[PDB]
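A short worksheet on the structure shown next.
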Amino acid sequence: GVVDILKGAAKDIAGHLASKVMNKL
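Heads up: the sequence shown begins at 1 in the authors' numbering, then just goes up one per residue.
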């Protein structure tokens, strides 16, 4: 089922930036 996480990881990009800034906050 982890596979579903791979295809999602592609877009996780948008969230990756937030978490980046969010965490920094």
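Every residue, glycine too, gets a C-beta built ideally from N, C-alpha and C.
Helix, strand or coil: which one does DSSP assign to residue 27? Examination of residue 27 is not possible in this model, given that the chain is present from 1 through 25 alone.
With a CB to CB cut of under 6 angstroms and the five nearest residues on each side skipped, what residues in its chain are close to residue 107? Nothing in the structure corresponds to residue 107, since the chain is present only between 1 and 25.
Can you find the residues in the same chain that come closer than 7 angstroms, C-beta to C-beta, to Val3, ignoring five residues on each side of it along the sequence? Excluding its 5 nearest sequence neighbours in each direction, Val3 has no C-beta neighbour in its own chain below 7 angstroms.
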